Amino acid sequence: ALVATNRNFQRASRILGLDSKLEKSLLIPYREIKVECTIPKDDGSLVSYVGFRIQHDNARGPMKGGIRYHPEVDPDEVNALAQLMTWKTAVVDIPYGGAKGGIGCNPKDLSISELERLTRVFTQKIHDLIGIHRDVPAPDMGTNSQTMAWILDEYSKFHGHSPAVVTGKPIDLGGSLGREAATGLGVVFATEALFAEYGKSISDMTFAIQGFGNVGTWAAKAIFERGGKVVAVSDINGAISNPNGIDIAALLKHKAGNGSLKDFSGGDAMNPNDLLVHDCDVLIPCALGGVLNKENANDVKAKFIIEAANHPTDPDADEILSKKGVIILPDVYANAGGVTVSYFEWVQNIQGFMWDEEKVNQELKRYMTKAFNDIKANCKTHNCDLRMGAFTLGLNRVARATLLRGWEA
Amino acid sequence: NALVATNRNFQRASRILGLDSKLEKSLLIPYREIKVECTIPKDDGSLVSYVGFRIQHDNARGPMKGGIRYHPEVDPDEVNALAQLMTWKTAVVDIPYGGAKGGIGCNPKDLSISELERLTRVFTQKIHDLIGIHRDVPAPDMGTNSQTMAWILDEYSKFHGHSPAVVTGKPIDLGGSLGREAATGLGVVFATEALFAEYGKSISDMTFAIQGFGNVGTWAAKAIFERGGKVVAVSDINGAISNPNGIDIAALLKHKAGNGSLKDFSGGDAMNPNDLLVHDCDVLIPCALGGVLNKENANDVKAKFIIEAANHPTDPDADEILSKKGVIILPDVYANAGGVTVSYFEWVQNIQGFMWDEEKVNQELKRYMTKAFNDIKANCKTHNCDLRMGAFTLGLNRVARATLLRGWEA
Amino acid sequence: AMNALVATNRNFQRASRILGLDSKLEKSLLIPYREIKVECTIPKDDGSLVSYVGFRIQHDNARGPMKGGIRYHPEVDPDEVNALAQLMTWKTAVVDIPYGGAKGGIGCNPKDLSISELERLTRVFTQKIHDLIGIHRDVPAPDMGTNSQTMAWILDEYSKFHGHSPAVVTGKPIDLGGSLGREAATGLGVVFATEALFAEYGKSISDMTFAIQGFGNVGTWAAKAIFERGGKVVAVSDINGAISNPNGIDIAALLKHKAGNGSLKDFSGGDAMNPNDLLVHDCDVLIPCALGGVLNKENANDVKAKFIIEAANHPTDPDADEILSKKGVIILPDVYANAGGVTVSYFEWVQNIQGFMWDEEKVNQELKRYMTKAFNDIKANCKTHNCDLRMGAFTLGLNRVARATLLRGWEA
Amino acid sequence: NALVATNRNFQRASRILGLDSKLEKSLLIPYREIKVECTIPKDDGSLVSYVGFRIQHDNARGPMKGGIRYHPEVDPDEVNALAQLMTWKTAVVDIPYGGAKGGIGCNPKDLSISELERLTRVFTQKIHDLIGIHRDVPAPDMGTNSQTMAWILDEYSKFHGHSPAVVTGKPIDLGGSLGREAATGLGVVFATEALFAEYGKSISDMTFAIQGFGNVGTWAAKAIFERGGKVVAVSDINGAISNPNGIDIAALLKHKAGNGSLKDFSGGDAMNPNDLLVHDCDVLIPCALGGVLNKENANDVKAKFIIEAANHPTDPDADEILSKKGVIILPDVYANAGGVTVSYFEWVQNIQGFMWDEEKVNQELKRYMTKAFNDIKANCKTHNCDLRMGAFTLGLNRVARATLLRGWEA
Ligand SMILES: NC(=O)c1ccc[n+]([C@@H]2O[C@H](COP(=O)([O-])OP(=O)(O)OC[C@H]3O[C@@H](n4cnc5c(N)ncnc54)[C@H](O)[C@@H]3O)[C@@H](O)[C@H]2O)c1
Ligand SMILES: NC(=O)c1ccc[n+]([C@@H]2O[C@H](COP(=O)([O-])OP(=O)(O)OC[C@H]3O[C@@H](n4cnc5c(N)ncnc54)[C@H](O)[C@@H]3O)[C@@H](O)[C@H]2O)c1
Ligand SMILES: NC(=O)c1ccc[n+]([C@@H]2O[C@H](COP(=O)([O-])OP(=O)(O)OC[C@H]3O[C@@H](n4cnc5c(N)ncnc54)[C@H](O)[C@@H]3O)[C@@H](O)[C@H]2O)c1
Ligand SMILES: NC(=O)c1ccc[n+]([C@@H]2O[C@H](COP(=O)([O-])OP(=O)(O)OC[C@H]3O[C@@H](n4cnc5c(N)ncnc54)[C@H](O)[C@@H]3O)[C@@H](O)[C@H]2O)c1
Ligand SMILES: O=C(O)c1cccc(-c2nnn[nH]2)c1
Ligand SMILES: O=C(O)c1cccc(-c2nnn[nH]2)c1
Ligand SMILES: O=C(O)c1cccc(-c2nnn[nH]2)c1
Ligand SMILES: [Ca+2]
Ligand SMILES: [Ca+2]
Ligand SMILES: [Ca+2]
Ligand SMILES: [Ca+2]
C-alpha cells in the first residue's frame, strides 16, 4: 500500500520530468487534522480516542475519501492512502482531491449507540473542516452507510441539510442506486475498452477470478452476461473449475444458499492455490494484494491480468509478466468504479434529483471508457506500460491544476 | 376537517405498521412551531398588526415544504394537521421533503395590493432565518399566489442573496416551472392509468363522472378526453351536464372559457348536480369538495373505481360500504399529488440553474406518479390492505425509517 | 403562576391608561416578537426514547437583547408563560437595563430525570434554539427547575455552533464566567431600594423596625443587610415557625443558628411567634419575602406597618392595595424592589462582554447606583402622573419600551 | 527542558489531586492538532515549501492562547508539552484562556523581510478558520515579533473583518498594550512581594542575586531597585558584577543600553559568572536558563529564597536538596506569569475598544499576581505541599473543574 504508492509516484514523476519543488509541494498534504473524540460508554464511563483527517490535495476539487474505524493508524500509511485517492480520482477525471480519515478504535468493542455517539462527536470536531465543496467523506474499514447517516445528521445541525456532505448514504437518505455493482461492473467496462484495442470482445475470452466477494461476484456476473467464459473461480475456502465455462448465474444461486464453491455441481472442485497459474486468457485477482510475486510469475499462463484488488502484483512479478507479453490493467484504474459512482451520488445530491440505475450505469461506462482512452493515449506519448500511463495521467492532471491556480498569496 | 381525516388515517396506518408508540409520539410532534408579529403601515398611514406563523412538522427526509395561507382562520390543530399531512404526502410520492404549513391571520380582501406587498415582506423579514432552499421552501396557498411568492423571493434574497429555490409557485419570469397549471389534473390521469394497467385496461375503456370543474377537474377531464375516455357527466357548484355518449370536453372547455355555465352546454343534457355521485359510470372522480361521499349515498354509488382528486371526499362510513361492494378507491393523498410533485421539479430546476421544457416536466411527472403507484401496490401486497392504507403506510414507514437511520443520540 | 398573569395584566392596563398609550402601539407591545416551540427528544439512561416540547417566548427587544429564565417545569400554560416574558420586558425597563423580555423552558419534571438525562435534554434544547438566542439576541438564565449547572451545559453546547460565548447565558458557575455577588443581589438590592425610599423622608434604615416574612435567599440577605445598617429586625417568619424580639434580633447569630440546621422557633435570642401574626405585627416596615397573595381584604386593615417593601412577587392583591393606600401605607412595588437579581444578571453579561470580571465591591457599587437611579426615576414619574409608587414604576418602564419602539419605527 | 519537567509536574500534581484516571487521559489529549502546507514564492521567483502547525491543547477555561515559533526544530512531543504547559499556566493566574502552541518549521535568517511577510500571510490564510478572538489567540515567540503579529492581524482581518484581539504582542500603533516589556520582570517582583508579605517582610529588607540581564532580568532588577531592594550581584552570558552595598541599577541599565558589558561596569567588582548561583544573598533569581541548579551546586546555594523567573531552572535533585535546607522556591509556572497576564490585558483592551494607561495595566497586573499567590498558598495549606505543587494542583484542578462542569454528553 505505502510502498507501492511511493514507487509508482517516483516512477511516474521521473517519466513526467516533474519539477522538484512542485513535487515537494504535491507530497505535502494540504492539511493534517487530529482531534479528541471522547464519549460516555453505555455504562457512563468515559473512553477517549483520537480521530484524524489527512486532507492531501484539493487542486481539482473538494477532497474525497473514506473514514476508517480501525485500531492501526500509522501516519505514513494514512498519508499514502490520502495521496493515492488524489491520484486515483485524477486518473478517472472526477473533480476531487484525496483525503483519508478515521478514529483509532476497534468498532467491535463498541455498542451501536456508542458508535453513534463516537461518530457524532467526531463530526462535531471536524464539521468546520469538511463540507459539500470542501471534503466529502465515505465509508471504509469499520464504517458503513449507517455511519454516514450519523455524520449527515450531525453535520446538518451545523450547516443545514447537506446530503452531499458524505457519500455511501442509505438509499432512504440520498444514496445512489448502483453502488453495490459499481466496482465489479467497472472492472468489466474497463476490460471491454482494453479488449476493444485488439478488436476482440469479452465473448472471445476465458476468465479466472480469484476472490468471490462484492468485487468478484459482480465482475463474474457481468462477464457471464456478456458472453465471457468464467472457467475458474476461487475464494478463501475452495475453488471450482469448468473448461466450458461455469454457469455463473447458477453459481451465485448456490452461493446465496450459503454453499461453498468446491461443492458446486456445475464444475470440478479445484485447489485455490492453483488459481493464479490456471490456463485462461484473462486473470482477475479480486481478493488480496501481493498474490503475484517472483515465485509464481513465470507460471502465470494468462494473457491479460485485470487488477481489481489493490496491489496484487509486487514489482518482481510486474517485471517478469511484462517481458513475457502479459498486459496488466492496473488497480488505480481498474477498480475505480466504486469511487466513480460515489462521485455520481454527490452529483445527484447537489442536483437535488436522483438518477435511475440505468443512468448511473451509462455514466459509469462513459467515465471508465474515456479514462481508458486517456490512459492509452498517455502510454503512447511516454511509451510506457498501462500502469505508468495511468499514474502519469493522474499525476499530470493534479500538477497542471496546481500550476494553473498559481502560488502568490 | 382535514384534521379528523388525517388523524384517523395516521392511526390506522400506525396500527398496520406496528409503529412503536414512542417513535409515533415523536413523529407527531412538529420539529418547530413559529409565531411572529407582522405589523405594517397601511396606505393611509395607520398601523395594523397581524400574527404570522410557520409550523415546521418534519425534516427527516429533506427540506420542509408547504404553503402560506392568508386567511383569518388560524386554528392551531388544523394547521398542524395540514403540515403533518404534507410530511406523509411527500413521502408517498418519494419526493425528498418534509411537511410544513404557514400563514398570516388576516383577510387579504381588506388589504390593498401595496399593503399585501408590505405584509409579505415583513413576514419574510421575520422568518428569513427559519426558511431556506435546503431548510423550508414555501409555496402559494389560500389567499396567496405567484405574485406573493415573487415578493418573498425578492425580500429573502436581500438577506441571503438571489435564492430562486427558496420558494415555489413563482411567476414564469422569475424561475417558475412550466406545467404547473395542468399538474394535478394530469397527475390524476397518470395515477388512474397506472391503476388500470393492473387490470390490463386503458382509460379509453371507461366512462367517467367528474364532480367539480375547476383547476383539477378541467385538466383531468381534458387529459381523460384526449386519451379516449368517455366523460359522461360533469358538475360544478351551479349545475351539471350529462351525455351518455361522452361529452366533447374540448367544446365544454371553450364554453367555460366563453363565460358559459355547465347546464347551458348544448352538447349534453342538464342534470341535477346532486345526481353526479350516483350517476351510472365506471369511474367517479370527486374534484370539488371533501365529505361528499357518506353513509347516505355510498350504497347508491354505481361506479367500480373512485379516483379521489379532491381532499377527503370519502368519509369512513362510505370507505367501509364501498370496500365490501368491490369499489376500488385511489386515495387523495396519492392521486392529487401531481401538484406537489411539479412544485418539487420547480425547486430542482432552480437548484440546477436551468429550466426544463414542458415535455420534460410531464415525462418526469409521469415517471414519479407511476413509480409511486407501484410502491403503493407493493405495500398493499405485504400488508393485505386497500390502496388508501398502502399509501399511508408507505409514506409513514418512509418517514419512520429516515428518522431511525438518523438516530437519537445528542 | 396564575397570580402573575392577573397582576401583570391589571398593572399593564392601569399604566397604559395613565400614559394614554395609543391602542395600536399597545396592541403591538402585547404581541410577542416571536414564539418558538421545538421538539426535544432524548434517549433515557435505559436507552428508551422520551419526547418533550421546549419553548421560548421572545416578547420584546426594542431596548436590547432579550433576557429571561428557562423553566424545567410541567405547567406551560401559554398565557402565563407569555405574561412572564412580558413582565421581564417591563422589569428591565424599570431599572434601565438594556434588555427586552423573554421566557422559555421545557415541559418536564426534572426530578424524573437523572443528571445525565438532564444534560442530554439541555444540549438538545440548545441545539434546537441556538440560532434564536445569542449574546446580543436573547440571553437565557436559570429559573424554576434549572441552575448554574444547566447554564454550563447551554454554554458548552452553544459554543460548538458559534465559538466560546460566555455572555450567551447568565447565572453561570464562577468557574465559567459567573459573576461575584449573585447570592446577595436580590436581598441587597431590596435594602438599597429601601434606603432610597427612606431618604425621601430624611430617614435611614437605622431609624426603623422591620418584620420579615420568609427567610430564604431573599429574606436572609435582606435581614443581614438591614442588620448591618442598624435596622432593628423585630420579627422573622418562615414556613415552619417565627421568632420575635422587640429589641431587635441578632441577625448574625440567627444566621449561624439557621446554618446549623436550626429552626426559627428554637432560636434563643427571641420569643417564638405564631407565623400567622407576622403580617399584622407591630413594626414600621413589613417585608414579604416568601409568597404571593399574602395581603388581601381579610388582613389589610390590621397591618400596622407604615412601609411595606414587596420583595416577593405580587404579595398584595388589589383589594389590600386600595385599603393600605387610604391608610397612608407606602408600598414599594415588587417590579422594582426585587430587581437586584436581574440587575446583577445584566452585570454578569457586561463582565463577559468586556472579557474581564469585576470584584464584588464593584458589582455592589454598581448595583446600588442602578437601584438608586431607578428609584429617583420612579419618584420623578410619580410627580408628573400623581400616582402611587407601583404605577410610577410601571409607567416608567412601559413608557421606555414605548419610546424605544416609536424611535425604531414601523416601515420595513 | 519543557517535556520532562512538565510531565513530571503534571503527574505529581495529579497524584495529589486524586485525579480520576479517565479524566486525566482526556486532559492529556490535545483538543486539536493542525499541520498545513505553507508555500511561498521567494523574492527571486523560486518556490519554497514549509509546514505550519498549531497545537490547540485545551479550551475548557476559554479561548486558546499561545506563541508562534519560526524555528527549524519542531519536535511534536516538545510542542505538545509547551501547549499543555500554557493550559496550566493560564489556570494558575486565573486568566480565561487555555493553552496552544504553533509555528512554522523554517529558519527566519534564510528569508528576506518580504519573504517573511508572505509566509506569515500564507500561514494565516491556512489557519484563519482555526483561530479567532474567542477561539485561539496567537502571540510572538522564538523567531517572531510584533511585526509578525501585525501581518497576522492584517491578513486575518480580510477574512473576518478588523479583529485587533485575534493576536497579542501587536505594535502599540495597531492596538498593543502599554507595559508589555516590563510585564514579566515586574510580575516577578509582584510575586515576590506577596511571598515576602507572608513573613511580614518587604523587598527592601532583602539582598538579591540575579542570573541573566535580558528582558526579564533588567526589569526585575529595576523593579527591585525602585522598591529599596539591594541587587548585590548580576550575571549574564559574558560576565558578572558584584556589589554587597547594592548595585545602582539605574546606572547599570544605562551602561547596558550604551552597549556595555557587566564586567566593565565601574560601580562594582567584576565577578566570575560561574559564582553567581553560590553568591551570598537572601534571594536568588535565575533569569537566564533552565537546569542551572542541580545536585552539584544545590548544597552550595546560600539564598533562603529562589524566585524561578527563567523556565525550569531547578532539576528535581536540587529541588529536593534545597527544600531540605529550608529553602523556599517560588515556582516558574507562577513567578514568570506576568508576561502572559499582560497579554490577556492586551486582548481585554482590544475587545473593550479602549486602551488602558500603563498605571492601570500595572495595577491590574499586581492584583492578578497577588491573588494568584494567595490561591497558591491556600492550596499549599489544603494539600500540605510546597509552592510548586500548590501552583500545579491549583492550575490542574481549575481545568479539571471547568471540563467537569462542561460535561461529556454529545
Ligand atoms: N469493493 C470496492 O468498492 C473496492 C474498490 C477498490 C478496490 N477494491 C479491492 O478489491 C478487493 C476485494 O474487495 P471486495 O469488496 O470484493 O472484498 P470482499 O470481502 O467482499 O470479498 C473478498 C473475496 O476474496 C476472498 N478471499 C479472501 N482471502 C482470500 C485468499 N487468501 N485467497 C483467495 N481468496 C480470498 C473472500 O473469501 C471473498 O470471496 C480488495 O483488495 C479491495 O481493496 C474493492
Ligand atoms: N389544485 C391543486 O393543485 C390541488 C391539489 C390537491 C388537492 N386539491 C383539491 O382539489 C379540490 C378542488 O381543487 P381545485 O383547485 O380544482 O379548485 P377550484 O376552485 O379550481 O375548483 C373547484 C370546483 O368545484 C366546484 N364546486 C364547489 N363546490 C361544489 C359543490 N358543493 N358541489 C359541486 N361542485 C362544487 C366549483 O364550482 C369548481 O368547479 C379541493 O378539494 C382541493 O383541496 C387541489
Ligand atoms: N431569590 C431571588 O433571586 C428572587 C428574585 C426576585 C423575586 N423573588 C421572589 O422572592 C420570593 C422568595 O424567593 P427566595 O429566593 O427567597 O425563595 P426561597 O425558596 O429561597 O425562600 C422562601 C422562603 O419563604 C418561606 N415560606 C414559604 N412559605 C411560607 C409561608 N406560607 N409563610 C411564611 N414563610 C413562608 C420559606 O420557608 C423560605 O424561608 C418569591 O416570591 C420569589 O418570586 C426572589
Ligand atoms: N521574556 C519573557 O517574556 C519570558 C516569560 C516567561 C519566561 N521567560 C524565561 O525567562 C528566561 C529569560 O528570558 P528573557 O526574555 O529575559 O531572555 P533574553 O534572551 O532577553 O535574556 C537572557 C539573558 O540571560 C543571559 N544568559 C544566557 N545564557 C547564560 C548563561 N549560561 N549564564 C548566564 N547568563 C546567561 C543572557 O546573556 C541575557 O542576559 C528564559 O528561561 C525564558 O524562557 C521569559
Ligand atoms: O399548499 C401547500 O401546503 C403546498 C406546498 C408546496 C407545494 C404545494 C402544491 N402545489 N400544487 N399543489 N400543492 C402545496
Ligand atoms: O426569570 C427571568 O426571566 C430572569 C432572567 C435573567 C435573570 C433573572 C434574575 N436573576 N435574579 N432574579 N431574576 C431572571
Ligand atoms: O509563547 C507563548 O506560548 C505565549 C502566548 C501568549 C502570551 C505569551 C507571553 N507574553 N509574555 N510572556 N509570555 C506567551
Ligand atoms: Ca500540497
Ligand atoms: Ca417530530
Ligand atoms: Ca410586539
Ligand atoms: Ca483534552
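For ligands, and for the atoms within them, numbers begin at 1 and follow the listed sequence. We name chains A, B, ... by the order of the sequence lines, and we start the count at 1 in each one. Values below: every heavy atom of this structure, side chains too, minus hydrogens, waters and symmetry copies.
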For C/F347 together with C/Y370, are the ring centres under 6.0 Å from each other? yes

What protein heavy atom sits nearest atom 31 (N) of ligand 3, and how far away is it? C/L291 CD2, 4.0 Å

What N, O or S atom of D/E37 is found closest to the Ca ion (ligand 8)? OE1

Using a 3.5 Å distance criterion without hydrogens, assess whether the side chain of C/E348 forms a donor-acceptor pair with backbone atoms of C/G171. yes

Return a yes/no value for D/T184: is any of its N or O atoms, backbone included, closer than 3.5 angstrom to an N or O of ligand 7? no

If you scan protein heavy atoms around atom 39 (O) of ligand 3, the nearest is C/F215 N, 2.8 Å

Within-shell test, C/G292 vs ligand 3, heavy atom, strictly < 4.0 Å: no

Would you say D/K101 and ligand 7 have an N/O pair spaced under 3.5 Å apart? yes

Could you tell me whether atom 19 (O) of ligand 3 has a protein heavy atom closer than 4.0 Å? no

Given C/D334, C/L278, C/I239, which one has a non-hydrogen atom that is nearest to atom 29 (C) of ligand 3? C/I239

Among all the protein's non-hydrogen atoms, which is closest to atom 13 (N) of ligand 7, and how far away is it? D/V340 N, 3.8 Å

Looking at atom 3 (O) of ligand 3, what's its closest protein heavy atom, distance included? C/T186 OG1, 3.0 Å

Taking everything shown except D/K35 itself, do over 12 heavy atoms lie less than 6.0 Å from its NZ? no

Quick one: nearest non-hydrogen protein atom to atom 16 (O) of ligand 3, plus distance? C/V218 N, 2.9 Å

Can a donor-acceptor pair be found, under 3.5 Å and without considering hydrogens, that links the side chain of C/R71 to the backbone of C/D143? no

Should you measure from each heavy atom of D/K65, which atoms of ligand 7 turn up under 4.0 Å away? 6 (C)

D/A100, any N or O under 3.5 Å of ligand 7 N or O: no

Taking the side chain as everything from C-beta on, heavy atoms only, tell me whether D/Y50 gets closer than 4.5 Å to D/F123. no

Does C/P275 have a heavy atom less than 4.0 Å from any atom of ligand 3? no

Any heavy atom of C/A290 sitting closer than 4.0 Å to ligand 3? yes

Could you list the atoms of ligand 7 found under 4.0 angstrom from a heavy atom of D/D141? 1 (O)

For atom 21 (O) of ligand 3, closest protein heavy-atom neighbour: C/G216 CA, 3.3 Å

Using distance alone, decide if ligand 3 has a nitrogen or oxygen within less than 3.5 Å of any nitrogen or oxygen in C/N217. yes

Going through the checks in order, is the side chain to side chain contact (heavy atoms under 4.5 Å, CB included) test met by C/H314 and C/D334? CA-CA 7 Å; C/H314 321 109; C/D334 47 19; 3.6 Å; yes

Is there at least one pair of N or O atoms, one from C/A312 and one from ligand 3, spaced under 3.5 Å apart? no

Who's the nearest protein heavy-atom neighbour of atom 12 (C) of ligand 3, and how far? C/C289 O, 3.1 Å

For atom 43 (O) of ligand 3, find the nearest protein heavy atom and state the residue, atom name and distance (0.1 Å precision). C/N313 ND2, 3.1 Å

Under a 3.5 Å threshold, yes or no: a donor from one side chain and an acceptor from the other, between C/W221 and C/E183? yes

Calculate the angle formed at the Ca ion (ligand 8) by O in A/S25 and O in A/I28; 10° precision is enough. 80°

Ring geometry between C/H257 and C/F267 (parallel below 30°, tilted from 30 to 60°, perpendicular above 60°): tilted

Could you check which of D/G187, D/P140, D/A139, D/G67 puts a non-hydrogen atom nearest to atom 6 (C) of ligand 7? D/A139

Flag for D/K101-D/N80: side-chain donor and acceptor within less than 3.5 Å: no

re atom 8 (N) of ligand 3, the protein heavy-atom contact at minimum distance is C/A311 O, 4.0 Å

When you look at C/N147 and C/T150, which way does the side chain to side chain donor-acceptor pair (under 3.5 Å) test go after all the steps? CA-CA 5 Å; C/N147 56 25; C/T150 318; 3.2 Å; yes

For the side chain of A/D19 and the backbone of A/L22, is there at least one donor-acceptor N/O pair under 3.5 Å apart? yes

As a quick check of understanding, evaluate side chain to side chain contact (heavy atoms under 4.5 Å, CB included) for D/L365 and D/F190, giving each step before the final call. CA-CA 8 Å; D/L365 174 61; D/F190 290 153; 3.9 Å; yes

Give me the one residue out of C/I287, C/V191, C/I309 that meets side-chain contact (heavy atoms from CB on, under 4.5 Å) with C/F210. C/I287

Is it the case that ligand 7 has an N or O less than 3.5 angstrom from some N or O of D/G339? yes

Would you tell me whether D/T6 and D/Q84 have side-chain atoms, one donor and one acceptor, within less than 3.5 Å of each other? no

Under a 4.0 angstrom heavy-atom cut-off, which atoms of ligand 7 come close to D/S343? 6 (C), 7 (C)

Among all protein heavy atoms, pick out the one at the shortest distance from atom 14 (C) of ligand 7; state its residue, atom name and that distance to 0.1 Å. D/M86 CE, 3.9 Å

From D/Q349, D/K65, D/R180, residue fulfilling side-chain hydrogen bond (donor to acceptor under 3.5 Å, both in side chains) relative to D/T168: D/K65

In terms of side-chain geometry, is the basic nitrogen of C/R390 or C/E310 positioned less than 4.0 Å from the acidic oxygen of its partner? yes

